[PDB]
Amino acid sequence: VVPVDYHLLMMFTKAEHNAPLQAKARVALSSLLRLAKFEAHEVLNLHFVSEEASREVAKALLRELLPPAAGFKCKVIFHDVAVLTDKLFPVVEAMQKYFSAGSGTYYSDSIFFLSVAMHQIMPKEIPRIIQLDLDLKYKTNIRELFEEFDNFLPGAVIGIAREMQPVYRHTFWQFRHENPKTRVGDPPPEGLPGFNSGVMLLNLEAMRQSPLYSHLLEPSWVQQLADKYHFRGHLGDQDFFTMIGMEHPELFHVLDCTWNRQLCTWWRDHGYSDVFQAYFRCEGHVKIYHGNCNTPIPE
């Protein structure tokens, strides 16, 4: 029986003396591991991106949760945030001016763009990986999310859920002003509300093998599109994918809202009461809750 590997990756940095983050990670990992089911030859690989102090914190938490109740094989891998930052920087430098808080190009921001260049960072043996926030609660077997890779149309490289607040309606204001008729920043079903980065299916092989995706990483393409859209942000990879998704929606397999049900309502109380519902609406059986902007998750 040849072993089949499944890969997840989570950012876990600055966790020491950060009780809220540790508590979120505990909720995420315990739910993940409690509900996961994998066949005997299968192995779940949990990648964490951490500096040395958070690595120690993560190990302490994981030993409390491993082995998993279901008894399948699980491997834990740590990646040094400082190593990854240096590998990322050449590729990611040009976009940081547009999508980082705030100005200009700082190493401390580079790691927020890991997903955009994940295909260049992870070993070649890894064809696919799902990057996950740690402020999630899983309501189903994570094995099921991997079948969404099967639904990628030719040319799609990344699976991602839409953003459930009007943050991009706000961000694309100028472009929306100059293009009254645009779908850019509008709510579903026919608008493009942008993406949320909490759950991302990164098909590393498809990303590597796409001429289009590779071009979009080039500094002049980043600049051209940022200029076209009058677009600035501070949410890192989320903003980049959101922007290239306006120009090239074919690159993205849009996940159903139930795979990343975002709970943050910050934008409702900051000017978008009228339209907020059209963005936030999600119905169906929820598979993953996402407590973004420090929003408590219900039970």
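In this text, the rigid core denotes the largest set of C-alpha atoms whose superposition between the two forms falls within 1.5 Å. Numbering starts at 1 and runs along the sequence shown.
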property	result
Which of 93-101 and 164-172 strays further in 9 other deposited structures of this protein - Cα RMS after rigid core alignment	93-101
Farther-lying stretch by C-alpha RMS in 9 other deposited structures of this protein (rigid core fit) among 106-114, 202-210	106-114
Gap at residue 263 across at least one third of the other PDB entries	no
At least a third of other PDB entries omit residue 69	yes
Of 23-31 and 269-277, the stretch whose C-alpha atoms average the higher B-factor in the entry	269-277
Of 255-263 and 59-67, the one with larger mean CA B-factor	59-67
Residue with maximal Cα B-factor (values as given in the PDB entry) among 133, 163, 125, 86	125
Residue 293 by Cα B-factor - lowest, middle or highest third of the modelled chain	middle
Ranked C-alpha temperature factor of residue 120 among modelled chain residues, by third	middle
Among modelled residues of the same chain, the CA temperature factor third for residue 39	highest
Ranked C-alpha temperature factor of residue 79 among modelled chain residues, by third	lowest
Residue 172 by Cα B-factor - lowest, middle or highest third of the modelled chain	middle
